[PDB]
Every structure is written in C-alpha cells, then in structure tokens.
Amino acid sequence: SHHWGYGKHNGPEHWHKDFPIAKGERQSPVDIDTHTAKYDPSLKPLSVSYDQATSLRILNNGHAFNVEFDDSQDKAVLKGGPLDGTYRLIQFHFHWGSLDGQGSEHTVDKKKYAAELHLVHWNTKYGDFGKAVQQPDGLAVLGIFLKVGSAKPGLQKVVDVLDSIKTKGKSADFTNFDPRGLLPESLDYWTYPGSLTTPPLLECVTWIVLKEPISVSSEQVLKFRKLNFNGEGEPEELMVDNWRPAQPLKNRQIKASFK
Ligand SMILES: [Cu+2]
Ligand SMILES: [Zn+2]
C-alpha cells in the first residue's frame with residue numbers, strides 16, 4: 001500500500017491497520033538473546049556463492065536504497081545452513097539510524113548497531129520472487145550488522161553513487177559491483193523463521209544473521225544520512241531511522257551455528 005513510513009503518524013506502530021499480519025506469529029526483526037539461542041550441530045555449513053553476481057542498478061525507493069541484481073540465472077546464490085535448496089540474490093539494502101547508537105533492526109542482547117545490511121534471496125523452486133513471497137520458505141535474508149570504526153573499502157562504491165539518487169524514485173546504473181566486499185571474515189550465524197521488516201510484512205523469510213559485524217567509517221554512514229525519503233521538489237525529510245524495532249518472539253527458537 002502507499003503512505004506507510006517511519007514517522008510518528010505512519011511508522012511501525014501504525015502498520016497493522018493496513019497490514020494486519022504486523023501482529024502475526026512470526027514477525028521480524030527480533031532481539032537475539034545469545035544465551036538462549038541453542039547451538040544446532042545439525043545445521044550444515046553456509047555457502048555464499050557470489051563470484052558471478054551481476055549488479056545492475058541502484059534505486060532510492062522512498063524507504064531505503066536497493067542495489068539490484070540480475071536474478072534471471074543462478075549467478076549469485078545462498079545455500080546450506082538452515083536452507084533446503086538454492087536461493088538467488090535479487091537485491092541488497094540497509095537500515096540505519098540518525099545517530100551511531102541506533103539503526104539496526106535485529107538487536108543482540110538488546111544492543112543496537114549503527115546499521116544493518118540485508119541481502120535478499122528467493123527460493124528457486126518457486127520460479128520468481130513474486131511467487132516466492134506466497135510461500136512460507138520463499139525467501140532467505142542474510143543480515144549483517146554495521147558498527148562505526150574503520151572504513152569498509154567494499155562499501156565505498158555504494159557511498160560514492162548516493163549523491164545521484166538523493167530522492168525517491170531516482171536510480172543510477174550500478175554494474176560490476178562485487179558484494180563479497182561487504183561480508184565479515186566469519187560466517188557464524190543465528191537463524192530463525194520470520195518476515196519482511198517493511199510492509200507488506202509477509203511471513204516468508206528464513207533469517208540468517210551473522211554474528212560478526214562489519215566496520216564502516218563515520219563518514220560512510222554520514223553519507224547514508226544525506227539521502228531523502230521525499231521526492232524531488234518536495235519538502236526535505238532526511239532518510240534516517242528507517243528501522244523497525246524488535247517484535248515479539250512468540251513461539252520461536254533462535255538457533256546458532258556455533259558454540
Ligand atoms: Cu496503499
Ligand atoms: Zn531490510
């Protein structure tokens with residue numbers, strides 16, 4: 001639907017009126033209580049295969065910016081871990097704060113990171129993204145926390161194009177970007193069944209949240225905060241605090257791939 005956002009009058013506390021699944025049984029994000037998470041020795045190794053990833057474009061959609069990929073062939077896929085089958089990369093985006101002390105969607109023992117990266121993948125058994133989001137195992141989102149510290153060299157090409165997509169609806173060419181430069185050293189993770197974190201809030205997602213954050217510089221996150229939620233020629237509303245807070249865990253268990 002239109003006109004949802006992150007403001008006081010249309011933010012997360014209002015979403016349930018148009019998207020009643022907002023109060024559902026497997027909503028995201030959640031707080032990850034690390035002491036309560038259980039190590040699962042049955043999980044298999046996570047396989048991230050991005051060598052042939054083919055980026056196309058970057059778009060300001062009014063709530064974040066998306067780096068889009070060619071998903072017409074198995075070029076960039078996620079497999080293993082909790083997943084059955086093959087999941088194809090379609091886009092990545094971030095959520096971030098107005099201040100370095102907030103911005104992530106997931107939290108770790110109630111800790112909020114400065115930002116969170118979401119690599120969005122769809123289950124190839126379902127043929128395309130739109131059919132995948134009608135299935136309870138349709139999507140897999142790999143989540144990576146950002147902390148402020150040293151610069152992330154592999155983020156810099158993304159930061160450098162943001163000036164060209166300041167406002168809602170703007171896009172730019174974004175070919176030949178390698179998303180492998182956004183991953184931490186370790187692929188140790190937590191996993192649980194959840195949902196999209198923005199409307200339509202669909203309950204289709206296997207969440208895979210990496211334990212190790214990546215470090216980005218202050219200057220890099222400051223450039224995220226210069227984007228606009230609004231369209232060109234409309235009153236400026238900085239794109240900041242585009243995160244949903246933690247939702248009730250309900251009848252779920254978070255599993256860890258490590259001890
Ligand atoms: Cu609408
Ligand atoms: Zn997201």
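FYI the Cβ positions are ideal-geometry reconstructions off the backbone, even for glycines, and counts take in every protein chain you see. Read-outs: derived from the displayed coordinates by stated rules, not from any lab.
I'd like to know if the range 50-58 contains one or more residues that are of a type in the set (D, E, K, R), loosely packed, with under 13 Cβ neighbours inside 10 Å and under 29 Å from residue 177 (Cα atoms). Break it down into steps so the answer makes sense when it comes.
Pass one, the range 50-58, residues of a type in the set (D, E, K, R): 51, 57.
Subsequent filtering for residues that are loosely packed, with under 13 Cβ neighbours inside 10 Å retains 51.
Still in the running and under 29 Å from residue 177 (Cα atoms): 51.
Yes: the range 50-58 contains one or more residues that are of a type in the set (D, E, K, R), loosely packed, with under 13 Cβ neighbours inside 10 Å and under 29 Å from residue 177 (Cα atoms).
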Original post:
Any idea which residue in the range 186-202 is nearest to residue 37 (Cα to Cα), counting only those that are part of a loop (DSSP other than H, G, I, E, B) and within 15 Å of the chain's Cα centre (by Cα)?
Top reply: 195
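Considering 16, 63, 3, which residue is more than 24 Å from residue 221 (Cα to Cα), within 16 Å of ligand 1 (Cβ to nearest atom) and part of a loop (DSSP other than H, G, I, E, B)? If you could, list the steps in order and put the result at the bottom.
Details: 16 fails: part of a loop (DSSP other than H, G, I, E, B); 63 fails: more than 24 Å from residue 221 (Cα to Cα).
Only one candidate qualifies: 3.
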Original post:
Given the conditions (1) outside any strand (DSSP E or B); (2) surrounded by 18 or more Cβ atoms within 10 Å (Cβ to Cβ); (3) touching a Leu at 6+ places or on another chain (Cβ under 8 Å), which single one is not true for residue 75?
Top reply: (2)
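Check whether at least one residue in the range 23-35 is under 19 Å from residue 250 (Cα atoms), of a type in the set (A, V, I, L, M) and either more than 16 Å from ligand 1 (Cβ to nearest atom) or touching a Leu at 6+ places or on another chain (Cβ under 8 Å) (or both), and report yes or no.
Going residue by residue through the range 23-35, those that are under 19 Å from residue 250 (Cα atoms) are 23-35.
Filter once more, keeping what is of a type in the set (A, V, I, L, M): 30, 32.
Restricting the remaining residues to those that are either more than 16 Å from ligand 1 (Cβ to nearest atom) or touching a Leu at 6+ places or on another chain (Cβ under 8 Å) (or both) gives 30, 32.
Checking the range 23-35: at least one residue is under 19 Å from residue 250 (Cα atoms), of a type in the set (A, V, I, L, M) and either more than 16 Å from ligand 1 (Cβ to nearest atom) or touching a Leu at 6+ places or on another chain (Cβ under 8 Å) (or both).
Taking into account only those residues within the range 31-44 that are assigned to a loop (DSSP other than H, G, I, E, B) and closer than 16 Å to residue 109 by Cα, which is farthest from ligand 2 (Cβ to nearest atom)?
Within the range 31-44, the first condition is being assigned to a loop (DSSP other than H, G, I, E, B), and the residues that meet it are 33-37, 40-44.
Okay, now just the ones that are also closer than 16 Å to residue 109 by Cα, so 33-37.
Numbers: 33: 21, 34: 21, 35: 26, 36: 24, 37: 21 Å.
Result: 35.
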Subject >> Sole residue being part of a strand (DSSP E or B) and of a type in the set (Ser, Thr, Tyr), chosen from 28, 47 >> reply: 47
**OP:** Evaluate the range 14-28: report whether one residue or more is within 16 Å of ligand 2 (Cβ to nearest atom) and small (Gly, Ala, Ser).
**Re:** yes
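Hey, among the residues in the range 108-130 that are out of contact with any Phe, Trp or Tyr (no Cβ under 8 Å at 6 or more places or on another chain) and farther than 17 Å from residue 199 by Cα, which one's nearest to ligand 2 (Cβ to nearest atom)? Write out each step before concluding.
Filtering the range 108-130 for residues out of contact with any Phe, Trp or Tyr (no Cβ under 8 Å at 6 or more places or on another chain) gives 109-112, 125-127, 130.
Now restrict to residues that are farther than 17 Å from residue 199 by Cα: 109-112, 125-127.
Details: 109: 21, 110: 20, 111: 18, 112: 15, 125: 23, 126: 20, 127: 23 Å.
Result: 112.
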